[PDB]
Every structure is written in structure tokens, then in C-alpha cells.
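Atoms within each ligand, like the ligands themselves, are counted from 1 in listed order. All values below come from the heavy atoms of this structure, side chains included, with hydrogens, waters and symmetry mates left out. Chain identifiers are assigned alphabetically (A, B, ...) following the order of the sequence lines, protein sequences preceding nucleic acid strands; residue numbering begins at 1 within each chain.
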Amino acid sequence: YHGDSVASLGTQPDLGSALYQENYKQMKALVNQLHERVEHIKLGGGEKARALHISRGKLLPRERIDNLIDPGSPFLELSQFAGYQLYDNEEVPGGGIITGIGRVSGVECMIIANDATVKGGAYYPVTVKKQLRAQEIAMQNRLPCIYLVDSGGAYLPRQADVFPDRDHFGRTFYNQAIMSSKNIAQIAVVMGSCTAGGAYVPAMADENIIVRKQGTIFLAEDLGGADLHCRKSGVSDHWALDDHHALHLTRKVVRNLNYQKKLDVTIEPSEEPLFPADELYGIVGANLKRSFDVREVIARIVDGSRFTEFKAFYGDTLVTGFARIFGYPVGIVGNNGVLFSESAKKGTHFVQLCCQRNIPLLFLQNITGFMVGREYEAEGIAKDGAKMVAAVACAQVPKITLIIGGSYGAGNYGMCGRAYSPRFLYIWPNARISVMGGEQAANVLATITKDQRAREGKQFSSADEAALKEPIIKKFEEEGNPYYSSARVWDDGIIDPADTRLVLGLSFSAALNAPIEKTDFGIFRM
Amino acid sequence: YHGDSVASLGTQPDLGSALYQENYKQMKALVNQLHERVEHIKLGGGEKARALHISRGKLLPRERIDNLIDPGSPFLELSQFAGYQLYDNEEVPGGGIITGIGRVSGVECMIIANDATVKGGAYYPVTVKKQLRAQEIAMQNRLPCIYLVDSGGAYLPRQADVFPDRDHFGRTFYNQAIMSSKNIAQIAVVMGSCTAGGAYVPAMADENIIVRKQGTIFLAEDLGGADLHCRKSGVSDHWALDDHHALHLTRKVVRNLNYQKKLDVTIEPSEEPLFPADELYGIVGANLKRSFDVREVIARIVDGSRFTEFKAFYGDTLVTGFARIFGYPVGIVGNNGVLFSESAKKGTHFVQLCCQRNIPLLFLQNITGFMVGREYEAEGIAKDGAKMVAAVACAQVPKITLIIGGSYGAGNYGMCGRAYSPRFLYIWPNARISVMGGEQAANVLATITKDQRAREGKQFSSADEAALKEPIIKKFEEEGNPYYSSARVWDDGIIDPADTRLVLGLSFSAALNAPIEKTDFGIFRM
Amino acid sequence: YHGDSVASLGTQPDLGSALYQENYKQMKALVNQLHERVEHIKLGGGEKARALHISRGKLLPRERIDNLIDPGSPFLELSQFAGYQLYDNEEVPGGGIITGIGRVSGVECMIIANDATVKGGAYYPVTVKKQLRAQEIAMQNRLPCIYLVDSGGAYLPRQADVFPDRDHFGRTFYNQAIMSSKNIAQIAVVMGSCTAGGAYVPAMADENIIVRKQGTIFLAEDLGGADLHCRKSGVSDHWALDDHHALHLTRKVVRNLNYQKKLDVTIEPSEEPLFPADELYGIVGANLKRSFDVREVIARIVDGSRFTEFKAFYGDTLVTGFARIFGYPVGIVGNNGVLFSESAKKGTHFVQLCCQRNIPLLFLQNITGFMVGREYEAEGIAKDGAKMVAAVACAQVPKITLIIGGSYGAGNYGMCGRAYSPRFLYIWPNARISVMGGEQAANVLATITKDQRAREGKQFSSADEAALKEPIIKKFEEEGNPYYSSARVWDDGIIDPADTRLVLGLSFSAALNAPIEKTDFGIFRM
Amino acid sequence: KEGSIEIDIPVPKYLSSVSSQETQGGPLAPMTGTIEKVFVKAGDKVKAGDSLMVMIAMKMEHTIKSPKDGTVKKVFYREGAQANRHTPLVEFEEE
Ligand SMILES: O=CCCCC[C@@H]1SC[C@@H]2NC(=O)N[C@@H]21
């Protein structure tokens, strides 16, 4: 019996209020800035490179993905901003590689395609990291991997950051071998030149497809990717006339995987939230100093804006409860202020509940600056904050993290930061991430100097202090920008707040391809 | 019945030969250079810092380890050269942290001690990587972790490379939580100030020891590490008067772990090699262009110089066989020339044999430059080299890699490079590691330029070519030096060739603390 | 999404062509010969024996099966030709036993009924082998066994071939005990006299049914099968008035097994092939020297004549690909010429793919004579042919073999011969099976004699050679005939080519009653 | 109600059978009908538009014409024969 009437979250914001008008205007500008920058990245290398690419009869990398996935199906692209201003004088749109999750023959798959128009498809250090992140996502969720291979090899000027280390180019083949041993299909389509060391990617794949004239595989047509590779050498499993033919063959290969998705969780009919998503612009804004009720964010992403809060009046700075997104059950943990001992205990209790019932967890990070409280006897927080860091780490249910505000210090770890292997991590265009907030850092620097100056007896003037402080503030702002963080692969993308519900729905759906394991906890330091 | 007489490897080198005299002289100089540099690193921060450290009643970090381990037991230190010239103007001896494996109360444990004399124990980016490597070693071999905590927090000027990412400081607590859940004991001894974010390390430990006056734990004595932490807060499990008392308590804690080592492999009595180890100086030398028989190296490290070669006459550029080191069975794979299709097939067959019988594997990397052969139809090699990369990756037996020569290109991957998770990786002082050898790179660069110059029609003069080539050669030499590689944590240390047998014996003994699992292979592309 | 259009196999044969006309005429005669011989076997012992059997109030053995199975359901009879001309002067139609798979109460079961009209139901050596084969089929597929017991005991004149050995009559009770321990129901219905040693069959069954007046069980009515057996002795679980009543009771017993079939494989809607099956007569013919494209055979048995070929241009003498029969996924391996090194490698790769995805395998054996190639350096073939023999043996997916042509030498083993435990093995009326083809054998014999004659110096004349050759050719023809092979239980029946699709559909459906296990391979000798 | 429109979806080349049988053995009978006239001997040189046979079907005369300039290899029907719809009438020598 599911006919019980229940209460719903959310309230109607005051559209006429000046605060709402200002917050909407600021957030809208950030979203528009995000959109137009992606448009530029969409063009890859440029008109001359794109014209040359098409002149050889090859499809553009994004057109290949469009033809590969099922007609009209959504495509979840990841790390669109990798390599954004990462290198001083070189522009590398998207890192030279396009990765995302789409549906092929009704099966969710991870698609990894080299962008040959960007530096001829050479592998920059960020390119390796982006690919390795994609492989990690595919393995953790048991998603078949499809490699649209068109590459020019490693970027020699930066070889030391590509070749040698464990998380360097060598790890790519290690991941392929491991996934194959686990029956996670590895499919490679050589749609262009495969350079030295990239010839392994077609070979290490379970099934392989090579284009007749364009494809070349060699550790050019005669040496590799030849009819020799297809027939005499036997490296090729399927022979394709052109790019369209190869993509058609790939869809057939996936259809023969003999795989059917099975769900471990209970399912209920989906319902839209009771409030518009675009109202999040006015509610949240771009000023991290102002505070908002995280429940408002929840009310606009969960099915029917229905939410069962757990321990509502205890540790109120943290909000935990049960909801459903697109029918899936989810346990939501979101910050609503500074973390306290009660908040950490409340979170630790909640995480155990979700792990016991095998319920996916969603974290909404919005940590607060220390301008309000200098110390507050933080020693008490240390004893309890660890209990949450330890429960979150050991949890085996799928975990997704969304940074809707600040993310500073140990608060990042307790809320399932990147270091704690959430299945996905997304950030809103207004976020900031740093070891500490910029102002606090300045104060700390100031005290040390003033006191040391005092030992010397030299006077640290008021002007002297300000001069010291300004560079520090600037560095922290520059390095906490959402773009700096996404340029390196610290998150899986910057998403428009109006798209939060859709992105979460796609992400949780993909994460459910793998069975949920039993959670084993360490010692809880009572 | 084990009374059968068998043949033994090795031959007596010609000590009078000029080649032997020159090779011994060159290798000896490298070893002497290695020794004196370690002596300097042994001193840590310096006399002023060391004097200040002792003036507070605290033991020096290396004296702490000496008192912690069993009397007279050997100590296997790791990554002694981390941070060597890594940072432009800052000297960070050993990365500010000392890690190694020693015996405590008869149990092999991983010891991780902060060096407070180096930058006050602040965490540099290399410091985090060194600690994370130590934790990875402890988990893979089920070694209890002992943290001698005396730290000053993260190095703010380089925060972006310490805090945020998955392999950044946050991962340290994640590793502690995971090991605790697996019953791998985590013991923390706070022998000095624990700064913000380091207070978690005592809390996340299974058992904890704090010094009465020196120790402070706070997210100074009143705020944390107080009798408050020991009694009022309860974060402390044991209370110690001084450094000597704390080390005595630590030994008692380990003795109560209720752990006993069990061996999965057959054991035979140990025997010394039939040839002196120091002869390796003359045999190997420092000139990578000259070639030597890897069997000579094997004859001087295995018990009794006894070796059963597998497929001796097939793919002779690779040597594979069975031997024993300190009684443990080992399968040895070593390069004896350029890799061929037969060599890769022979290696793949051998690795399957060792995995089937649960025999540890040892790799001796000495890959050859392409000066001898420009291409040799390397396309054939690609089809087969992958079969070895794929077998080596999936092998679950303990793997140890020793680079006794060059390590270039895909040959590194096939011989269990760093990317393939060998339990340990060591390098001799004469090694070089790069994407390709320096000369080849220059030639490649030259061709591209000469041809492009030809399209322009501008003449690329002979002088012009040489000028282009010289910088490239220099870069490659600088970046392939054993010191560059060890300064970053790419290997676990640079070892004297005369110490090869001892280091391997200690490493394999530690690796046997974990049970050997069954190996699951992927698809072998026949 | 399954809306993609795909290519289909098959071509329209030239009905007017003389070759097609001749091939159709020859194959049709073989099929007509097969049909009329079965009609004679259908009559069992004969009119006098059948009249006597009915005069006692008992149903004829085949009428019992008709009433036992569900109304209108197909019945897959096995080894109809067992004992055909096997014994010099004794006619034993069907071996004195009728075995097959039919549906009882919606459950697929193995039915084993003694034919009392044939030699009074005595057990000939072939009778034991036929029953043991049926039990092996039931165990491998988890099919409940129903024994319609009406037997006269062992045939004393041939006791040495019935009683003593492991695969002799004793094994029948061993199989019953083993299947019972695995929860594979064993149901016995005593519908006639149970002789000495057959009394065990009712006793060893999980549930037992005995007819009131006809049934007798004793290690006649008073001694056994008495109301004594039903009540006083308790050997009988159910008491039946007549044959019709007993069959009705049997259906009730099966309905109470609490069994429901579960499928491990993905299912798609069934589709008929795009070409008529009877065209196989013209395409194949009866002349093994002529060659045909195996793809034509495939095009006329798979759903919609849809086939995805794997490695089409490599090792073209072997055809491998994925298809579906009645909705089930199947991997097909068929000969298209002489086996080569490439063909064996291609097969070994394909078999690993099917085992990884748990896809049933179908083999179409048509091996070629050595008239075309005397040796062709067959030593190369030995190194590779073994790789296929070893992969095929270890495969745990259900395997079905169909001999549509010759089956000679080691080619039989590589294509899943009887020795490799295929779930079922069928042969077309035109097949031949031998160690080598007859002609080759003659040549071999000729050479030995001619040379030995040369040592003597006695002249081996041309006439002498021919005289030697003729008997050998005759023996080989006689012993490779489909009837010789089926008379002994080497295959499960001779089937009309037009019935190939139906027989395969029934066989694969039965084989899916057991869960598919994971495949463990040995060492692949690379 | 305005009208009816037919739009054709292009067929990918790969799906189209590559190298479809190219030679066509003469125009196929428009329908099942008696052969009233034969204008070609067993070996005859013909040019495109040369009448080969005349067939009457349900009282409607059709004249078969030469598809190619190739010489005639053979004739499958004679006068007075009834030829079924789409059955080969003439065989042309391979060129
Ligand atoms: O034979 C079927 C009816 C139409 C053809 C008959 C022809 S018309 C010319 C001649 N005059 C007749 O009355 N009948 C035939």
C-alpha cells in the first residue's frame, strides 16, 4: 500500500525581493559564461584542422559519437574543460579526447574518442589523466568501453609526465587487461592512424574494428592498418569500409555481448519536482558569504519534492534524509552550516543506515568559511569528524558528490571529496575549493610575520601587513575557481544548476549497472 | 629425495682484462657517489635543526627507528632520495619523511616517521607521495603500519599539489580506514606536535600512543595532546613519559596483535651464491652500449648459483628459469637483447607457469637502444608484445622488478614497469629510463625538420641539424638519470649491486606476509 | 534498441543446374531409405510378439510414450538405429529400448522404456549402452528420468559384455543413485515383469509406480510385484490398475516436483530462415568429394538467416560467427576446407569468446580427404591443432555437434567429436567416419609393401598392388557408413537434413535446463 | 487530404549487397503467357532493341527486346511453350 499522503519540501521564493533579483542575475551570467566557453571547446582544433580532417573522408569526432549512440539518446559528457588554460601557450580543447556515457544498442557504455583535430591527437599529460578517469568510471560501474582510436602518440616535449609513472600512459593498457579479465567488454575501433605504443590499444581489446584505408596500426598503410593487419597479421577482427560502416559494426558488436541490466534496488514511478529548477539561480546566487537553506535545493531535484528528514532537530547544520530521483532510492547528505560534533555523529549514524539497506548516497558540499568562528575549540570537532571520514570511506554503496558551494579543509574529506572515490563528482559554476579560505590564510600569514617582526623589533606597519596579504588572497581566488579545478581532472564536469536533476538521474542510472556489495567498516572510535 | 647433483651457472671473469678493470672502476665511482650522498641525506635538516630537536628532549627520527625495531635486525629503507633536487631552492632530505620495513616484536611492519628537522616536518608534495607509496606497500603485503607522528602540516605555498586530488593528502586517511577494515593494524605514536588535519592520524588509528609533554593533537598543550587528549577527550589509548617510553609501549602493542606468519610456498635451506657479488662491478660497468650476459648477474644472486632455464634456445634474447633466493622459489625473467616475437611468446608461456604454481616472479630490466636496428618490422613485435603486457598485468603472484640497465618505451611495460604494480621496484646506479633513447629522439626530430624545411625549400644545413639535436640529447640524459627518477617516487630506491641479493631477500620475505591469490587472465589474443 | 537493419546469409541455388538436380536426387534417395528403415524398426519384435503383448492387456511401448507426454508435444527420440545389423543372426529393433526427450506436465524429461516385444525385453550389450547414454544426457542437462520398466533380464549368451565392467549393467544403478543425490528426480513405473537385478530399478527410484496384475518385482505375482510389494513389502509408492492409470499417475508425480525452468541466456523473438530447408538436398548431395559452402547450410537453419561472421578473411577454411536458433544465442563453428594453422588459431580465439559470454556452441563437421594434399607440412598443423583440441575440451558451455560430411583423424577431435562430450551428436545420412579416408589408407599400405618387397627383391607387380588395395577400400567404406556408426551408439541419431533446424531447437532447449558454469582453461601453448 | 507524398530513405551502401549479380538473362516474361514467335537462333548476334520473342498473355501482345549487344548463348523456350512470369527466356554468352 503506497496511497499515504505525505508532506513535501520547498517554499515559493519571493521573486520580487531584491536579493532574489540580484542572485538570479549573477548566477545567470555564470551559466551564460559556461555555455559559450563550451561552444568554443566544441569546435576542437579549429576550422583549418576540421577542414583537413573532413578532406580525408573521416567523420568529426563528435559526429562519430552521435552516430554511435542510439538515436535521440542523451549523452553524458565528462570533463569538458580538461586542459582549459592548463598549458601556457598551447590550447588543448577538451584535452584532445572526448569521454562520456551513452547508450549503444540499449546498453550503457563508456565512449573514449581521440580528437584528431587537436594537436593531431597527441597525448598531453591531461589527456592521459582524462582517459584514466574514464576507465576508472567504467570499471567501477561495469560499463563496456568503446575506444574510437585516432591518435598521434605521446607529446614528446612533456614525456616525463606521460610515460613513466603508475598513473601515466602505461596504466591505460593495465586497465584494459583488468577489465577484460572481469568480463567488462573492451571494444576498439581504429578510425585513424594508431601510432607507436597506441597499436597496443587495438590488440589489447576483446573485439577490434579497423577502417580499410584510414586505419594504420604499427608498433603507413603497408606497415600497419594494412589489409596485412586485417588478414595477414590477424590483428583486426572486423573490416570496415568507412567511418559510418565502422560505427554500424560497433553497434552490432555490443548487441552480441549477451548482457542484460539487473537492478538491486527497489523502484517506484518517477515524478517531477514540485518547483521549477531555474529558481535555483535566485535562491543560491554567486555570493558564498550569504547562506541559503539546502532543503530548497533538495526540494527542486527529488521526485515530487518528497523528503523524509532524519534527526532533523539534532545537529541541524547537517541535513540527512531519504528521497527518490527518477524512481531510485537515495540518501542525501548536505551541509547547512558549520560542522559540529553533533553533525558529524548524525552523519555517521545516517551513513550506516544507508549502507545496511544498500541505498545510494548523494552528498551536497557547501562548507563555510571561518570568518564567523576563529576556532570554536575545533579540537572537539577533530575527535568526531574522523568518525564520519571513516564511515564515508568504507561505504560500498554508490556515492555521488555535488559541490554547490565552498569546499575547504577537512570538511571536504568528510563530505566525500575526490580522494574518497565517489562514483561521480560535479561542481556548480559558483564553487570554490582550497585548503582554507583565502582570508583565513592571509590572517595566518600575517600573525606569523607580525610576531617574528616583533622579535626583531622591526615594526611591521599596517601598510606592511596589507601588502603581504594581497598577493595571498589573489592566489587563492585564482586557484579555487571552478575552471582551474575542472581544467585539471579534479571533478567530472561543471554543470548548470538547472541540469542538476538530469545529470544526477543519468549518473545514478549508470552506477546501478554494478551489483551493490556489502559494506565492511573499520573500528568506530567511540 | 633432494640429493641429485645439478649444474650451476656463472663463470669466472677475467680480472686482468682491460674491460673488466675499466668497468669495475666506473661502477665503483657510481657506488661511492651514491654512498656519500646518502650520508648527507642521513643528517636531515642540519646541525642547527638537530640541536634544536634534541634540546626539546626528543629523539632524532632515525634514532627512534633504531630503538623501535628488534635489536640488530636489518631495516629496509625506501625512497631515500625522494625530493633530491626536486625543488629549485629548497633542500628536502628524504622528502621530510622516513619509510621502511623492519621487524618489531618479531613481526614485519611498515614504519612511517616524520622528520621534524626538515622544514619543521611540513608536508611537501613529494612527502605525500612517499607516504602514499609506503601505505600501498603495507596494504599489498598486509604489513602493520606504525606512524611516528611529528609534523607541521601542509606546505601552504604548494597547497594545490597536496590537498585536493585523489592521490593527495586526503588519501592518507582513506588508506588507514581501508587497512583497518582488513585487520591490518594501524598504530600511531604522537611524538611531537600534530597540526591541523594531522590530528586525524592519531584518531584514525586502531591503537594510539601520545607523549606526555611533547605531543599535541588539535584539529598548544592545553588545546591538544593535553592530559585532556589522554583522559578528558579520550583520543589517547596509551600515555608515555618520553620518546623511549613510547617506543617501548609500541613494541608491546605489536606483540598483542595475535598474528603469526604463514608461508604459502615450499621452502628449502638457503645457500650463498658460488661467485662474489662485487664482481658485478666489472661485469656490468656503466656503459649501456656494451652488452653483458644476464646469466652472470643471476649466477651471483641465487642460492648456490643454481638455475633451471626454460626454453633456453628459443627466443634467446630473453632468459627465463627457476631458482631460489634465501630458500624462496622464484621465477626470473631478464632481458638479454632486443625483444622479438619469440621472446614475447616465451615470456608469456613462462608467466602462466609461475602463476599456475604460485611462484613469485622477479624481473631484470635491461632494454636495448634502437641504434642497432632502426625498425626491424616492429609491427610484428606489436602483435606479440601485448600478449606479455597482458599476462604480466593479470599475474597475482608477488612481482619484484630490478632495473639493471636501460628501460625504454613499451619494453618497460612488458617487463613489469611501475605502472604494473610490482610489489617493489629497484634500480641500479647505472640505469636510464625514458620514452625512447636520446639519440633516436634526435633523429626523429631531425627528419621532421629536414623534410618540412624541404617543403619550404629553405636549406637545413648540416650545422642546423646538429644545433637542433644537441639540446634534445641533453634533456634526455638529464631526465633519465637514476637520481631524477628516484627523486620523484618512481622506484623504491637506488641500491648498490653488491646489495642486490640482500635487498631481494628482504623484499620477498616481506611480500610473503600476504596469501597468494589465484590468477585470472583475460583473453589471450592468439 | 533492436531496430537496426542487417545483412542476411544465403543465396538462391540454381534449380535448373544439372549438379543441383543430381544432388537433390541422390540425397532424396538416402532420406527415403532412412524413412522406410525407421518404419520397420517402429514395429519392434513383430506382429506375433505385438499381438501377444496386447493380449495380456498391456500397451505397446510407443503407445505408452504417446500417452505419457503432453498432448501434441514433439518427442525427440534418440539412437533409433541402435543394434541395426549389430548381431549376426539376431534382429534387435532399436536395441530393445526406446529413449527420448519429451514434455511431461510441462517439464522436459528423459523417458527410458523397455520394448518387451523385442526378445522379451532382454538386455543386449547395445541395450545397456543405449540406456547409459540416455542417463548421461539426463544428468548433464538435469532432466528427470522416467523408466517404463518391462524387462526380461540380461542376455546370458553375452553376459561378459553386460555384467562386469564399469560401463556395464551395474553402472545403471550407479547413475540413478548419483542423479538422486543431485535432486534430479528418478521415477520408475513397473508396467511388466521386473527380472532378477531389475528389481533394483524400482527400488533405487525416488518415487515408484507398479501396475496391479502385470507388474512383478523380485530379486510370479506372489513372489514379487505382488500386493505384497505394494503393501506388505512397501517397495511400491503408488498402485495402478492398468497401463493407462499408471501413465496418469506418472504425470501427477512429475507435476509435484516443484521445479521451474530458468534461462541463463538472453532471448529474442524467433524467426524462420529466409530459405527453404529442403534445398539442402541439392546443395549438399551425397558426393563427399565435391565441396559446398557451409554458409549455405547456416543460412537455412538460423533465425532470419542472420549471421555475424568472426574473422571472415583469416583462416577462411573455417567459418565462425554468432546467430540465433529459436531465439537462443549460438556460436557456430563449421569446416569449409582443410584445417590450417590460421584456422585452428581462429577457432581457438572464437571458443574463448563464447565461453566468456556463456554462449552455446554448435559444430558442423565436414573434414576433407587428403587426396588434394599429401602432407602439406602437417607438422605445422600439429602445433596449432592441439590449441583447438584443448580449448574445445575445457569449454563448459553446452556443445552440440552435427556431422554433415566426412569426419577423419584428428580433425574429428578438434571439431568436438564424441570423445569430447558434446551434449548431443547427430549425423546426416551422407556422412563417413574413419581414422583416415579409405584411399589414403590403401596408399599407405601399398608403400609399405612395395618397399618391403623391394628389400626382398621380389617384384610387387601393378596387379599385386591393386589386389592388396581393394579389400582395404571395402572395409573402410563398410565401417564408415552412417548406419554402422549409429548401430553402435557413437551418435544420437541419423536425422533428415530438412529436420536439422527442428532437432537443434529441441536439443538446445533441453540443454538449457542446466545452469551454465564458468569455464576453466588449461595452459595455452602459445 | 491535400495529397499523398512519398519520400525515400537512402540505403547505406554496406547494407546494399556489394557486387550484386550484374548479368540479366534477357527480359523476363511480363506475365505467364504462350510464346507466339521466336526471332533468335541458338547462336545469333543481336543489338539492343532487337526483338527476341513475342508472348500473348490474357490476350495482350508483348515483344521481348535484346537488353545487350552480346551474342545469344542459348534459348530456354520454343514457340507454343507457356512461359511462367519472371522466368529466363534467353541466355547470353559471358563477355
Ligand atoms: O476469344 C475470346 C474473345 C475475344 C476474341 C474473340 C475474337 S474477336 C474476333 C473474332 N470474332 C468473334 O466473334 N470472335 C473472335
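Taking a distance limit of 4.0 Å, we find that atom 10 (C) of ligand 1 is approached by no protein heavy atom. Protein non-hydrogen atoms do not reach within 4.0 Å of atom 15 (C) of ligand 1. Under the 4.0 Å distance rule, the nearest protein heavy atom to atom 5 (C) of ligand 1 falls inside the cut-off.
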With a 3.5 Å cut-off and sequence neighbours excluded, list the donor-acceptor pairs that the side chains of residues 314-325 of chain C form with protein atoms.
residue  : atom : partner  : partner atom : Å
C:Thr317 : OG1  : C:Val338 : O            : 3.0
C:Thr317 : OG1  : C:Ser343 : OG           : 2.5
C:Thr320 : OG1  : C:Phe310 : O            : 3.1
C:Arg324 : NH1  : C:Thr266 : O            : 3.1
C:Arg324 : NH1  : C:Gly327 : O            : 2.5
C:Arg324 : NH2  : C:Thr266 : OG1          : 2.9

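Between C:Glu279 and C:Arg300, at least one side-chain N (NZ, or NE/NH1/NH2) sits under 4.0 Å from a carboxylate O, which counts as a salt bridge. The pair C:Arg501-C:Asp303 counts as a salt bridge, with a side-chain nitrogen and a carboxylate oxygen less than 4.0 angstrom apart.
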- Query: Could you go step by step and tell me if D:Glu36 and D:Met55 meet the side chain to side chain contact (heavy atoms under 4.5 Å, CB included) rule?
  - Reply: CA-CA 5 Å; D:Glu36 183 65 13; D:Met55 164 184 294; over 6 Å; no
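With hydrogens left out, the protein atom closest to atom 1 (O) of ligand 1 is D:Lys59 NZ, 2.5 Å, a heavy atom.
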